[PDB]
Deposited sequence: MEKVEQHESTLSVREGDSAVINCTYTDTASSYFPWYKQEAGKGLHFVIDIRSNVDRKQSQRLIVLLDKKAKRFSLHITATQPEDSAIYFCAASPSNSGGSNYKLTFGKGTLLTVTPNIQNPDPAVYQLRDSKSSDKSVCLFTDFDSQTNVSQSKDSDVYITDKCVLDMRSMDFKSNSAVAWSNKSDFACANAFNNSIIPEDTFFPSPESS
């Protein structure tokens, strides 16, 4: 038995729909569960389907099974960023689970009022050292990790100020060098044109 999981990485905008597609080889297989793994955490059960049934729905989740074609799929309506995780499909007849390689699902949040900006931040004791912070940018902006191995750049990351109901993207950069300041930091990344660069 091998279980194939077709999509490896899956990036989708908040609110839109997603699918993951799996196939299995061993016709004895009759139980097909799905598990998710939020980064740096354990595996949590999501939903399952058995051999009697073709379609099962639970809240925003739907699973399909076609036994004849030996394929099955997870459908997520109205993705939220909380859905971001690695999803795994599995199959079971030896009553063990055979697992697919996983699909990384990223749900990028919809930034209501973009305000792209690159700010400089000082050490609380002291000063320089300092760090450059790219923030408030739109989800469709992509941050690239620089072509100079002596300057460090984080990937984008989403935070949620739960009240007042506000989400924001952020990336951090820093070096130890002469020739590095915030004006030049995210050169190498597209970056909007209206990015605020203060003094």
Deposited residues without C-alpha coordinates, grouped into stretches that follow sequence order:
1, 95-100, 207-210
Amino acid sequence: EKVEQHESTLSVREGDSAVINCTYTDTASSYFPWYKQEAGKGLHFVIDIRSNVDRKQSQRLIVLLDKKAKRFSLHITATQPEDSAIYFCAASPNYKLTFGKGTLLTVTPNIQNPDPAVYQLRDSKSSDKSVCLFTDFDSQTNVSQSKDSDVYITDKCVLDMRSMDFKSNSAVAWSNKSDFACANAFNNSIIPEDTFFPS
From here on, numbers count along this sequence of modelled residues.
Entry-level comparison of average CA B-factors, 55-63 and 152-160, reporting the higher stretch:
152-160
As stated in the PDB record, which stretch has the larger average Cα B-factor, 124-132 or 101-109?
124-132
Say you rank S17, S11, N176, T23 by Cα B-factor from the PDB entry; which sits at the top?
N176
Where does the C-alpha B-factor of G42 rank in its chain, lowest, middle or highest third?
middle
Cα B factor band for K147 (lowest, middle or highest third within the chain)
highest
